[PDB]
Every structure is written in C-alpha cells, then in structure tokens.
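Engineer: Requesting a structural model of the entry that follows:
(chains A, B and C)
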Amino acid sequence: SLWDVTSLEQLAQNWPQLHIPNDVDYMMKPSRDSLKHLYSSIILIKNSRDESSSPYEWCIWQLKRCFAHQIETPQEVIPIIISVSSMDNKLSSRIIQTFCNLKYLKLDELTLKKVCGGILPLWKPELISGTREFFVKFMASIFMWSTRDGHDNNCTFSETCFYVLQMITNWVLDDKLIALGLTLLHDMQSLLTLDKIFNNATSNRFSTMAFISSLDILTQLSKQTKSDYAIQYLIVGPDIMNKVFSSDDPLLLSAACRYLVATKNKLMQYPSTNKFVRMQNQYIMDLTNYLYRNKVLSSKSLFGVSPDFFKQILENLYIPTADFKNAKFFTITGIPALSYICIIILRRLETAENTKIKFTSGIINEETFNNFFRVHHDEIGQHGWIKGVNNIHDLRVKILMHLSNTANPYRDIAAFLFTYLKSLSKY
Amino acid sequence: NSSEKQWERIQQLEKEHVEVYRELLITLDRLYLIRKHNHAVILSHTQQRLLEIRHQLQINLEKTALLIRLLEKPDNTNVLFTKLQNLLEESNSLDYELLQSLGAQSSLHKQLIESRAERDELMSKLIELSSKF
Amino acid sequence: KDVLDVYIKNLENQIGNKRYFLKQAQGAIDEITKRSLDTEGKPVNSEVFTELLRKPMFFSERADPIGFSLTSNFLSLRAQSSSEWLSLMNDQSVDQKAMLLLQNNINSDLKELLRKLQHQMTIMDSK
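Structural biologist: Numbers count the residues shown, from 1 in each chain, chains lettered A, B, ... in the order given. There you are, the coordinates:
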C-alpha cells in the first residue's frame, strides 16, 4: 500500500507489489508522510498518464468547485493545483479548454487570474493549430469584459496578458511553436494598445507596464542569435508603436528605445529599401529628435501626425515668455515624461561636487538655463558648478553620461541616444 | 482634513474634466467629417488610430506647457505648485523596482521552465522503465 | 485655501462649458446623420482625413487649467498604479520562489529514485 511506503528505499523495493489506493482527497491535499510530496507524482507513474488519472480529475473538479465559490478556503488549494499542473502538459491543456473562455470568467476573474499565472507560462500546446484562434478569442473576450461599463479597471486584462506573454517566452524558447508565439504576440499587442486601456490621460500603467515586458520578450529574442523567424513577426509596427512613443511614462519610452537599439544589430542585414526597416528607421528618424535636436517644424509627420498640427496647437498655447517657444519643450529638457527626472539628475549631480550655486528652480530649458547662466556668470566662471558646461548641449551630454551609469532604470535611453545620434557618439 | 478633501474633490472634478475634454476632442473631430462628408463615418482601425495618436499628442503638448509656467519661478506658496513637486517626485520613485522586479521574473521563470524540462526528461524515462517491467 | 476653492469653481465652469460643447456637437452630428437617413452610409473618406489630420479642434482658452488636470491626473494615477503592480509582482515572485523549491526537491527525489529503481532492475535482472 502507498501509505505503507515510508522511505524512498521502500518505494524502490516494493515497487511492483505496490497497491494504488483511491484516497485521492487525502493524497493531494496537505515519518509515515515523508514522501507525501512525491505521492501525487508517483501515481501518474504506476499507471500511464491517462485522462482518467485520479489526481487529474481530482484537481480539475477542485478547480471547478473553486470557481463556483463553495470551497471554504479557495486560496489554499490553488498552489497545490498549480504545482501538479504547472509541470504537467497533459493536465494543463484540459484545464485550459475547461477554464480559459469568457464563459469561465464572470464567476471569478481573480481565481482565473492566479491559475493562469500558474499554468499559462508553463505550457506547450499539444496541437499547434486550434489554439491561436482560441487564445485570440479568449483575450479579446477578457478585454471586452474588463473595459466594460460601470467598472474602469482592476488590472484583470493587463496581468493576464502579462502571463500570456510569459507563456510566449516558454514557446519562443522552444522551436516549431515560435510561429505560434510571434503571431499571438502582435495580436496581443494590438489588444494592449487600445485607447480605452492604453491611455495618455488616464493610463493605468498596468497595460503600459505589461507592455514593456511584452516588448522585452522579443527584445530578449532579438538579442539571442541563431534563430529562423521572419522579422515580419518582430517589428512591432507603426500602428501601435507611435502610440507608445507618444506616451508619458519614461520607462515605457526606455524599454521602447531598448527594443529599438536591440534590433539594429539584427536589422541592418536586411536591405535598405525594406518593408519593415522603412518603419524602423522611421522611428529612428524622428524619436532621435523627440528627445534631442528638435527640428519637428523643419521636418514632417512627427509621429505620422502632420507637423503644422503643432504649429496650430502651439499658438493659443499661452507662454509667459516668447523668447524660445518652438524649441522650448521638445527634448529631455522639455518632454513631459523625462524632464522632471532630468532636474533630479542635475540636482543630485550638483550635490556631488558640493556646488555653491545651487540651481534655483527646476526645469532644464534653453531659456531658464540662460538666466541661471548669466545672473551667476562670474562666480561659476571661476568655479563652483559642473566643470565641462559652456553651452546647453554640454549640460545635455553631461546628464546623458550620468544617466548611463546603471542605477537608474531609464538607463537604456542614453544607450539609444549614443548609438543612434552620431553627433554625441563621442559620448 | 480640509485641504485633503479639497484635493480629493479636485481629483474628482479634474477626472470628469479630462474625460469630457477627451471625448470632446473625439466628438469634434468626428463632427468635422460628419459635416464635410455627408455620411462617411467608416473610419477604419488604421484611420481610427491616427486620430488617437493625434489627440494623445495634443494632450501631450498641453501637458508640457504647464511644465513651463509653474517651474521657472517656483512660488513655493502656490497651494497648487506645492502639489506639483510632491506629486512629481512621487511618480518616479517606484521606477527602480519595476525594472528590477521585471528582471526578477524573467529569470525566475527561466529556472521554472528548466526544472520543469528536467522533470519532463525524467518522467518520460521513468515511465519507459516502469514499462520495461 | 480659497485659491484652490475658486480653482474648483473655475474647473466646474470649464466642465459645464465643455459638456455644453459636447451636447451641441452631438446634436450637429446626429442632425447630419438623420438628414442622411438613406441607408447606413459608410463610404471611404477621400483624401480629407489627411486634411483633417492637419489641424486640431478646440484651441483651448488661455485660462483653461486643463493642462494641469492633464498632468495632475496622469501622474497621480501613475504613482498609484505602480505600487499595486509591484505588490502583485513581488507577491507573485515570492510564490514562484516558494513553488520552485517544492518542484526542485521533488525533482531531485525523483531523479534519485530513478537510480534506485533502475539499479533494482539490474539486481533483480538475475532471477
């Protein structure tokens, strides 16, 4: 009897004479019990792993009676259920089809979340074909249910999305289902980049936050070499790219430009006049001057949006000064995301060399810099402030070089700038 | 809690405000082609997204303008400008953890998948052997 | 104090104005629609969507503090979401950490017991 088994040597010796009992509820739920950890696993071994296997039906029925909220403590069983299932391909897919529809969502969007985080990242679909449609439908359903009326957001779609992204890592790491990864991938992205959840007014970073991980996944894949998958399944596309480069989390733009630089080594091989390079160097040709040498009025189509839109909106945009407005706020020193971070950079930097001038405001800006550069002219002219500085561009290269020493999550931005600017290429 | 309730009512009002502004931009840029065309309202998904980024990017430039009229001369008495800094340094404090805690998952998961893969290569052999019985 | 108070009434006025604008614009739209009642007319927008993406609507009034709202909402929500996301992540990276140990000790016991049974096979592969 399995209960009679006490040591690993007991199971080794009495193996064939062993009797499989039917006390599944005691064997799965948490001396003579030393091997209880192995108890479940070994039963899938005495008999082959059939669908009717006692722990399979036990755990799926447990998951049922958990979704429907009859269980005294739903939380306590989930880790158990995940454990046997997280590392069982067979049992997983059954639970997937049984619990990964909109049908099994309105009962509890919270427990489906957790079991997803458990099972989803660890899975290889048995049949490749009838899953993409399935997951696309499933996630579109979760989106429709999450961004509905009377309930703004509780990160139910974003984090489930992130778990699906995890699973796509497990997939793309293996072969022959990478195409299922990098095709569900952009389909999930285009669902993440919807205005009602991917916002610039009420963002609810969860999407944006889950989004960088998503972009990081193929960034990771972008860095790793020796793999055959069409880059067509790699370039995130301008439909959802421009909505990110126009966002306001700084680290969103950071991971973005990370993915950007971490494609250059894996894109320059393709021809210049290339269907997908054409939009990549597009992100390059412009974002290089959405944080830097802002010539947006001289150029055209900042993010695909025509420039003179900015001509219009800049008028009727009241500014106390009129000295420099056209270029007043379009860089590090003037983007709404990483401008306030930049004056923290400047302050913490001045705090180091023990300056005695103490920049008496915060915004770095071509006009407010000239003030503090002229009304404190001579004393700084001797010393007491950042050494190299002679012109605003010098402040920019300095805040970059400091931003490129890894303690700051935004570090990738400076890497992008150095890699793609070629003017400050000398760092 | 006078000032705190004032700030919370500020939050409510401004939320309603930005929502109405957003849809107003939407509704106007709808109405425009409503009138220029006669019935053409079949703006496609690609067409719908360009409008989206245009509106967000105007929302962008309007929100950087404030960052020009509230900072160069820090009043430090403005009940609203004091709200800026403490609601501006607060934004980027948590920026380190997300970057770190996303790396603290993209590796942990590599251990999970590896241990599961060894469990797979193990279970299969074990069933093969129990069948060699 | 009264500063933010009159600010409240100012924003209330802005909201009233913008909601009136919304009602009026919705009226104009549905007017054009009903006058175009023929059948669900949905034709392509010919080279004027571009001529629409060349100019904005709602050139805001100077006194409109909407710019402040457009940042005081976006960043306050931005720091009230990162905290909860991190609570989830570390809350989810500790459970994965704990489960990985449970999966690894069982994996080790199993890989060892494999040797146990395999060698027992050889030794019983006598008679």
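Engineer: what's the spacing between the residue positioned nearest the centre of chain C and chain B?
Structural biologist: Computing the C-alpha centroid of chain C and ranking residues by Cα atoms, centre = their mean puts residue C:81 first, at 10.1 Å. According to Cβ to the nearest Cβ, to the nearest Å, residue C:81 and chain B sit 9 Å apart. In this view, the C-beta of every residue, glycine as well, is placed from N, C-alpha and C.
Engineer: Just list the residues touching that residue, thanks.
Structural biologist: By Cβ atoms under 8 Å, 6 or more residues apart in numbering or on different chains, residue C:81 lies in contact with A:155, A:203-206, A:209.
Engineer: from these, which single one is nearest chain C?
Structural biologist: residue A:205 (4.4 Å; Cβ to the nearest Cβ).
Engineer: Now the closest one. Nearest residue, chain neighbours left out?
Structural biologist: Among residues not flanking residue A:205 along the chain, residue C:81 sits closest, at 4.4 Å (Cβ to Cβ, 6 or more residues apart in numbering or on different chains).
Engineer: got the domain boundaries for chain A?
Structural biologist: Per the record, chain A has its domains at A:1-108, A:124-255, A:319-421, by automatic domain parsing.
Engineer: Save those domains as JSON lines, and put in mean neighbour count too.
Structural biologist: Shown next, in JSON lines, are those (neighbours: other Cβ atoms under 10 Å in any protein chain shown):
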{"stretch": "domain A:1-108", "mean neighbour count": "16"}
{"stretch": "domain A:124-255", "mean neighbour count": "19"}
{"stretch": "domain A:319-421", "mean neighbour count": "17"}
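Engineer: For residue A:318, see how far away the residue of chain B found nearest chain C is.
Structural biologist: At 2.9 Å from chain C, residue B:39 is the closest residue in chain B, using Cβ to the nearest Cβ. Applying Cβ to Cβ, to the nearest Å, the value for residue B:39 to residue A:318 is 38 Å.
Engineer: higher neighbour count, those two?
Structural biologist: Set side by side, residue B:39 and residue A:318 show more neighbours around residue B:39, with 17 against 14, by other Cβ atoms under 10 Å in any protein chain shown.
Engineer: about what we covered before: from residue A:155, how far off is the residue nearest to the centre of chain C?
Structural biologist: Distance from residue C:81 to residue A:155, by Cβ to Cβ: 8 Å.
Engineer: Next, show the common contact partners of these two.
Structural biologist: A:204, A:206.
Engineer: ok now do residue A:264, which residues does it touch?
Structural biologist: Counted by Cβ under 8 Å, 6+ apart, residue A:264 has contacts A:419-420.
Engineer: picking up where we left off before, can you tell me the element the residue nearest to residue A:205 falls in?
Structural biologist: According to DSSP states H and E, residue C:81 maps onto helix C:66-124.
Engineer: closest point of chain A to chain B, which residue?
Structural biologist: Chain B sits closest to residue A:409 of chain A, with a gap of 3.4 Å, by Cβ to the nearest Cβ.
Engineer: Enumerate every residue touching that residue.
Structural biologist: Contact analysis of residue A:409 by Cβ under 8 Å, 6+ apart lists A:251, A:254, B:95-96, B:98-100.
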